[PDB]
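Asks:
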Amino acid sequence: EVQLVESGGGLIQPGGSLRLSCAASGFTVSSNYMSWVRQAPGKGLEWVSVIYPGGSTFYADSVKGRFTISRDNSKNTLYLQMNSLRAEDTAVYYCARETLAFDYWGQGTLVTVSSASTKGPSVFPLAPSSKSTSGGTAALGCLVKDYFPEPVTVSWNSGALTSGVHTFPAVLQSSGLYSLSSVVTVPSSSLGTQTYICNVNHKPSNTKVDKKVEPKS
Amino acid sequence: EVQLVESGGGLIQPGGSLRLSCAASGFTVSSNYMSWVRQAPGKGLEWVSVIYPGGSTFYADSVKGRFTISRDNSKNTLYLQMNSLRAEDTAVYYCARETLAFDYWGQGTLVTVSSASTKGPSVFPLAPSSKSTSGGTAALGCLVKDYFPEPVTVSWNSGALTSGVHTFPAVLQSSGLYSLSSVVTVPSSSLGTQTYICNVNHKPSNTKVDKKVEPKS
Amino acid sequence: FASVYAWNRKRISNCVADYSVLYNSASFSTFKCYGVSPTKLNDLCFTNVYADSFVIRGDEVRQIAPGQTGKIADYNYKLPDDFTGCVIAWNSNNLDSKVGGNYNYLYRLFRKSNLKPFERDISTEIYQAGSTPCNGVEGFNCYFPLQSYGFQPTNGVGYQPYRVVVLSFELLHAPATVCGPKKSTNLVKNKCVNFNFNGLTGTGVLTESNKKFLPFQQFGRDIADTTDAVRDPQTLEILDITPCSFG
Amino acid sequence: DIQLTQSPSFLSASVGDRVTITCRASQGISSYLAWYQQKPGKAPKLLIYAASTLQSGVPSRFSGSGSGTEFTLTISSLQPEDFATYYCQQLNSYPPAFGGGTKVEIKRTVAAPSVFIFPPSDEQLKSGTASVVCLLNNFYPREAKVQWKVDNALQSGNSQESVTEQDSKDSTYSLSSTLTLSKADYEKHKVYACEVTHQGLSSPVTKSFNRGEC
Ligand SMILES: *[C@@H]1O[C@H](CO)[C@@H](O[C@@H]2O[C@H](CO)[C@@H](O)[C@H](O)[C@H]2NC(C)=O)[C@H](O)[C@H]1NC(C)=O
């Protein structure tokens, strides 16, 4: 029925600001209790703000002031204009339609680091090899490293292969940049035979690169 | 005499904003009727705003409010600070010095899409071949595809060849990204003989790549 | 009439002004009053009335008002921000527009700085635009500052000529001046009445007299100083004033 | 009420001739407007002043005819180099109304296209997609047909064309049609052909290659 989608997340420094748009895909945001739910990664949730069908605010404890919610019924959009982020909110933001309980609440991210790198990948193909080969199957993958802007994605063959494709959690180095590697197993009879191209997309930047993985020379 | 140049166009989403600087290359923007003329692609022109030598605004009909013009005489710059673009203005912007009529008006672009890809080219060389060869001449070119940020340019040999060089209008695919191909004919005695390197530059991004086109293997 | 860039300026002075013949003439397409609503004009008195006259387009009559902008109000004719008078305007297509174009009605379209209110500028210097000294020569970086309405009888409304008159009532610090016309009924006699003789307010019976004032004396007084005779301003006859009966 | 000006667009002529373009004015305007020359992908340039007093820096081919309403421009003795649109305006009044624009074509005669087919580059087949370009070079009648065939099957709905502006030197057109396939589907067929139909060809020309033959 109702499929709330949100947009507006990115990266900024303290004293910054940012408008978030809970785009009410779905109906009647004019007459519903709406709210913002926040969670830092590795942590439990937390509640931020709420609008009444009639207009009231009641902000949370720590984000009392410095933080503004509103709606637009004719556009079916909720608007969250924040500013002066203590950078201590670096969190994953959700907007949910409270219907006597909650439920129906999309997703959307944000990070408020005191820097900017915004660079993108460093992609290498990890070739299928006999040291990875065992009997009927052999594994190959793509290593995408050294990027700050956390949300990054790597698909296999434009989203074709869903068998054996496993992207591992990104790792945060001492350099301050993330890195990850996604690997997929495929029958050892099919080392080079078919197409295995990893599609790397970096959404905070605009990086899009396809890398083919082939057995070692 | 007067050679008005403008800068500031790019890509943004609704509720965004943007300052445009009609850089008065040429003299005396302190005492001249200046204005902004707008046209959507495939459409006729439209008038936006105007400054008087003495200061007055008179904005247009649909862009009444939400849109601000000013000048700076000591810098010889006109300033157009807009905001909250309904994205329905995605247009090609001109600033012209009204001298009892008009004339003397440079050019400058803008797009206000509700997304961002900003990626850049995917360049391939289309080799000269006997299927393209006929008698005294043969054609070769460069295919630059899959980019969102509309203004893109491909030159031949850093701007050397102007004979037969013809860049065809970019095409907008269902994927939402543009694509084009620029081709040039050259005597068939000169298939590989001289240099034919297409210089691809993507100005919204910072992509610059030179690709050589040679006959098929 | 007079151009828009050199408007005229008539200084109406001591007289009897009847703004009713104006207000109700129904021939005016625009009659706005700002300091004072129109019907109360024939009941007030000022020191001076000025009347400014000129000719503009049809759709520039909305810049003749306090606090506007545009090529007319910026530098042709500027109204102060606490205006007091009234603005009157009527269409004049048949008088001022002539086939082939009436190119005798000019306006100024370039000036260094907007006018002060009620300021006037009839100079004709070349509007030097380009840093390059114009040297009094046309060409580039130098425009002639006056343009001309080419009025033609087949112009849509809003491009036909309108004539405008701006009345501005001012009150310096004199002793008095022009005011609206007064009235009077029918001087009755032999009845206890409540009378006013150009300032003399009283009560009593009025009767035909047989005294003779000197031909500059208005009313007569008794010993113990009470008004007992008057002279009627219109017919100039002496009338005694006796009190009506008490006891 | 704003003025709505109109124009009888889409002109077509030959060189050295007379052509005449009118501009309606759907209200009583006086006699102050202006014409512009808009070459494609460029900035306008005004030719006719606020009536007919053609602004300087222009040749002697334009003759603006003014009136109360129904203004009219006329080009006599054309020259191959005026490929653009012509607009009306309306000086004086602040918010001004613009025209609708008249593109003007330039007749030629008969000139068939050079045809050329390009197979997909090896770099692209790595990426997983195949563009097959077919080029039609120089040609007057633009009413050309590009039929793609794959193994002799007429291909519908996976191509895109674009065409250039009429050339300022030789008054010809050039056309590029791109056929887009997946690597997988590309590798399922052999002959890729591009069959061009055109008035300067007595029977259609096919340029073709065979996938995988150096
Ligand atoms: C004021 O006006 C009245 C008329 O409005 C004058 O009355 C006239 O008086 C003369 C006497 O010399 C008569 O012959 C006229 O017939 C009168 N006119 C009317 C209409 O009755 C009166 O004289 C004026 N006041 C003064 C001081 O002259």
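Chains as they are written, first to last, in the entry's author numbering: chain J, 1 to 217; chain H, 1 to 217; chain A, 347 to 593; chain K, 1 to 214. Yeah, the Cβ is synthetic: ideal placement off N, Cα and C, and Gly gets one too.
#1: I'd like to confirm the pairing. Which residues does DSSP put opposite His519 (chain A) in its beta bridges?
#2: Between which two residues does the alpha helix (DSSP H) harbouring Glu123 (chain K) extend?
#3: With DSSP as the reference, label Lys183 (chain K) as helix, strand or coil.
#4: Would you mind telling me which residues of chain K sit closer than 7 Å to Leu143 (chain H), beta carbon to beta carbon, in chain order?
#5: Pull up the distance between the alpha-carbon of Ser179 (chain J) and that of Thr137 (chain J), whole angstroms please.
#6: Comparing the C-beta of residue 225 (chain K) with each C-beta of chain A, is any distance below 8 Å?
#7: Cα-Cα, which of K:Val15, K:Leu47 and K:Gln3 is closest to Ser168 (chain K)?
#8: Hey, would you say the C-beta of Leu518 (chain A) is under 7 Å away from at least one heavy atom of ligand 1?
#9: Going by the beta-carbon positions, is the gap between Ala139 (chain H) and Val184 (chain H) smaller than 8 Å?
#10: When burial is assigned at 16 or more other CB atoms within 10 Å of the CB, is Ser189 (chain J) buried or exposed?
#11: If I'm right that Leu18 (chain H) touches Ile12 (chain H) with Cβ under 8 Å, what's the distance once you round it to whole angstroms?
#12: What does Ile197 (chain J) reach in chain K if we use C-beta pairs closer than 8 Å?
#13: Name the one or two DSSP bridge partners that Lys207 (chain K) has.
#14: With a threshold of 7 Å, establish whether the CB of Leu582 (chain A) neighbours any heavy atom of ligand 1.
#15: Less than 8 Å separating the beta-carbons of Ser174 (chain K) and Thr164 (chain K)?
#16: Check this for me: beta carbons of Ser205 (chain H) and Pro149 (chain H), under 8 Å apart or not?
#17: I want to know whether the stretch 101-109 of chain K touches the stretch 78-86 of chain K - three or more CB-CB distances under 8 Å.
#18: Taking Cβ-Cβ distances shorter than 9 Å, what residues in chain K pair up with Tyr451 (chain A)?
#19: Looking only at its chain, what residues have a beta carbon closer than 6 Å to the beta carbon of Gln38 (chain K), apart from the 5 residues adjacent to it on each side?
#20: Can you check the stretch 426-509 of chain A for any beta strand (DSSP E) of at least 3 residues that lies completely inside it and give the ranges in chain order?
#21: If I'm right that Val407 (chain A) touches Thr376 (chain A) with Cβ under 8 Å, what's the distance once you round it to whole angstroms?
#22: For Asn501 (chain A), return the contacting residues in chain K, with the cut-off set at a CB-CB distance below 7 Å.
#23: So within the stretch 167-213 of chain J, which uninterrupted beta strand (DSSP E) runs reach at least 3 residues, ignoring any that extend past its ends?
#24: Shortest alpha-carbon distance to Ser181 (chain H) belongs to which of K:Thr180, K:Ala184, K:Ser176 and K:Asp185?
#25: Would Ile468 (chain A) be called buried (16 or more neighbouring beta carbons within 10 Å of its own) or exposed?
#26: Distance check for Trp156 (chain H) and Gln194 (chain H), CA to CA, integer angstroms please.
#27: Would you list, in sequence order, the uninterrupted beta strand (DSSP E) runs of no fewer than 3 residues that lie entirely inside the stretch 60-145 of chain J?
#28: Is it buried or exposed for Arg71 (chain H), if we count other Cβ within 10 angstroms and need 16 for buried?
#29: For the stretch 59-72 of chain K against the stretch 142-162 of chain K, do three or more pairs of beta-carbon atoms, one drawn from each stretch, fall closer than 8 Å, so that the two count as touching?
#30: In whole angstroms, give me the CA-to-CA distance for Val154 (chain H) and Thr118 (chain H).
#31: Name the chain J residues whose beta carbon is nearer than 7 Å to that of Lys188 (chain K)?
#32: Rounded to whole angstroms, what is the Cα-Cα separation between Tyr505 (chain A) and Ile69 (chain H)?
#33: How big is the Cα-Cα spacing for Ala160 (chain H) and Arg86 (chain J)?
#34: Roughly how many angstroms separate the alpha carbons of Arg97 (chain H) and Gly106 (chain H), rounded to a whole number?
Replies: With the given structure in hand:
#1: Answer by DSSP bridge pairing: none, since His519 (chain A) is not bridged.
#2: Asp122 to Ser127 is the span of the alpha helix (DSSP H), which, as asked, contains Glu123 (chain K).
#3: In this structure, DSSP gives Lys183 (chain K) a helical state, which the three-state scheme calls helix.
#4: Neighbours of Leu143 (chain H) on chain K, chain order: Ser131 and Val133.
#5: Between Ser179 (chain J) and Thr137 (chain J), the C-alpha separation is close to 26 Å.
#6: Because chain K here runs from 1 to 214, residue 225 (chain K) falls outside it and cannot be looked at.
#7: Cα-wise, what sits closest to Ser168 (chain K) is K:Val15.
#8: Answer for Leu518 (chain A): no, Cβ out of range of ligand 1.
#9: Yes, the pair counts as a contact, with Cβ atoms nearer than the cut-off.
#10: Exposed, because fewer than 16 other Cβ atoms sit within 10 Å of the Cβ of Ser189 (chain J).
#11: About 6 Å; that satisfies the 8 Å criterion.
#12: In chain order: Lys126, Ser127 and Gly128.
#13: Bridge pairing for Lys207 (chain K): K:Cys194 [DSSP].
#14: Yes - ligand 1 has a heavy atom lying nearer than 7 Å to the Cβ of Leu582 (chain A).
#15: Yes; because the gap between Cβ atoms is below 8 Å, this pair is in contact.
#16: By the CB criterion at 8 Å, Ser205 (chain H) and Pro149 (chain H) fall inside the cutoff.
#17: Segments in contact, yes.
#18: By Cβ distance, chain K contributes nothing, its closest Cβ being about 12 Å from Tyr451 (chain A), past 9 Å.
#19: Within the same chain, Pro44, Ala84 and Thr85 come within 6 Å of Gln38 (chain K) by CB-CB distance, once the 5 residues on both sides are set aside.
#20: Counting whole runs of 3 or more residues, the stretch 426-509 of chain A contains the beta strand (DSSP E) stretches 432-437, 448-454 and 492-497.
#21: Yes, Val407 (chain A) and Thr376 (chain A) are in contact; Cβ-Cβ is about 6 Å, under 8 Å.
#22: Within chain K, the residues near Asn501 (chain A) are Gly28 and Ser30.
#23: Residue ranges of uninterrupted beta strand (DSSP E) with 3 or more members, entirely inside the stretch 167-213 of chain J and ordered along the chain, are 178-187, 197-202 and 207-212.
#24: Between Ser181 (chain H) and the set K:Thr180, K:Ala184, K:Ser176 and K:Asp185, the nearest pair of CA atoms involves K:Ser176.
#25: With a threshold of 16 other beta carbon atoms within 10 Å, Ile468 (chain A) falls short and is exposed.
#26: Looking at the two C-alpha atoms, the distance is approximately 12 Å.
#27: Listed in chain order, the complete beta strand (DSSP E) runs (minimum 3 residues) inside the stretch 60-145 of chain J are 67-72, 77-83, 92-98 and 123-126.
#28: In the assembly as shown, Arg71 (chain H) is a buried residue. Its beta-carbon has 16 or more other beta-carbons within 10 Å.
#29: Note that the stretch 59-72 of chain K does not touch the stretch 142-162 of chain K; fewer than 3 beta-carbon pairs, one per stretch, sit closer than 8 Å.
#30: Straight-line measurement puts the Cα of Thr118 (chain H) at about 17 Å from the Cα of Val154 (chain H).
#31: Within 7 Å Cβ-Cβ: nothing; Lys188 (chain K) doesn't reach chain J, min ~14 Å.
#32: When rounded, the separation of the alpha-carbon atoms in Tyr505 (chain A) and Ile69 (chain H) is 28 Å.
#33: Just so you know, the alpha carbons of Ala160 (chain H) and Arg86 (chain J) end up roughly 55 Å apart.
#34: Going by the C-alpha atoms only, they are around 9 Å apart.
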